[PDB]
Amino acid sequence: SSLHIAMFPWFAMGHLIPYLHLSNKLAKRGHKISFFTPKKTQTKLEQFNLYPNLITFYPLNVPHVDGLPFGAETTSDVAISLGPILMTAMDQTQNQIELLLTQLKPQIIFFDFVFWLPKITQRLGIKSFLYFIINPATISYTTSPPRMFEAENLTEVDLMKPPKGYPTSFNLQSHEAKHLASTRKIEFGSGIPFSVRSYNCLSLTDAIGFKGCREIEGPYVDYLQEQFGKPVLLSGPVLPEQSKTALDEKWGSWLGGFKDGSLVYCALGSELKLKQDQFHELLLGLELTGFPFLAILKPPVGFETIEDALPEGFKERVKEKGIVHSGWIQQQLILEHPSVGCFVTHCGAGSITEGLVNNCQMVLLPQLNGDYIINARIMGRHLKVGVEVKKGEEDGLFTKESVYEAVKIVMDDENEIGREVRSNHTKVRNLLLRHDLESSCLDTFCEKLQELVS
């Protein structure tokens, strides 16, 4: 029997997009989806609704919280420092969520962040499902009970090693453990410290789910199931679905003028702005490679145009070989273009999947975020599908020479590290695209959802 599922993702394109990818897969199986989305953002999402008779959008008015810029709905609309206020605004949709649930009456609601929700749903006879599109290795590392019980005694040296029982080994740099130790305590919406919030969601929800498959995410989901004592499901790897919009002709035309596999694509997601010095170092490192490149970057901190922040003489030197662009582009379609030979990525969970299912060599440039860092360690050291750009142990900065070297290594047909990461990437792509991998993940996922509402 088909399920009625409501979708309440965090107000971020990196959550809205994979929730919609998964929605399409569930609707193909006959399930009815009530998709809650910020009102103005809906128009950008219709693009991806492949089953409009089963997937219905319901608009949310993102309320006012003092400090929130006017009209802002998504982390793509605000600077990263304003994220906690946007969290307070999502907390404030409670009364209009509670009324949407009362009239739509879904059996299950997938959600992010709103740890108050399982108390509404238990009252309405609805099952709460905390559905993560970030890595379970990240939640396992920072938010498992052993971490939470040390409370404010948790230090940088504590975060340098995994929590007790953690199934895997990898190394953090000093500045990364420093980042995790401090940001953990910073308020993220309505006065709740960040890790407390996520922990409250894990503890109070009926069940948990993650993007991923047993072959890669398995050990972390088993660890989390053992720790929290409730089902931790895997949706499958949420392979990107095809959009209804073709590749913009101006990009298709420009990309079509380069030799196959010759272009370096660089993008750091839609939520981040580099500091100027690292913006310069990145762009000069791309220039040093001599390869054509497309860099999708916001202007650096303190700057409003790409023009004003480019290193001196940059435009005149790179000529038609390189473009630096700050607008939203169709990243998934660009990564499928045969010109692209290399993807320099901030290691966001969605960008990681998009690179894995394509042919591009991966260069890992994780930005200062626990999931990006952990994704980078897993891709660089466990799966060994990419080369990570070296950062200063204490300052977290890279040089233009380190960017150049990483790209050169993976682009060199005769370099043995490049051949190795190509070979390992092919292994992972062949697994994720295996004819029965995602479908069998979804088979199990949907059975376990049926048990949940039984």
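Each residue number is its position in the shown sequence, starting from 1.
- Note: missing coordinates for residue 116 occur in a third or more of the other compared entries bracketing this position.
- Look at the mean CA B-factor for 409 to 417 and for 424 to 432 in the entry; the higher one is 409 to 417.
- When the two stretches 442 to 450 and 15 to 23 are set side by side, the higher mean Cα temperature factor goes to 442 to 450.
- Between the residues 241, 354, 77, 277, the entry's highest C-alpha temperature factor is the one at 77.
- Taking the PDB entry at face value, the top CA B factor among 214, 175, 164, 384 belongs to 164.
- For residue 371, the recorded CA temperature factor ranks within the lowest third of the chain's modelled residues.
- Residue 346: CA B factor lies in the lowest third for its chain, per the PDB record.
- Ranked by C-alpha B-factor against the other modelled residues of its chain, residue 62 falls in the highest third.
- In this PDB entry, residue 44 carries a Cα temperature factor that places it within the highest third of its chain's modelled residues.
- Ranked by Cα temperature factor within the chain, residue 402 sits in the lowest third according to the deposited record.
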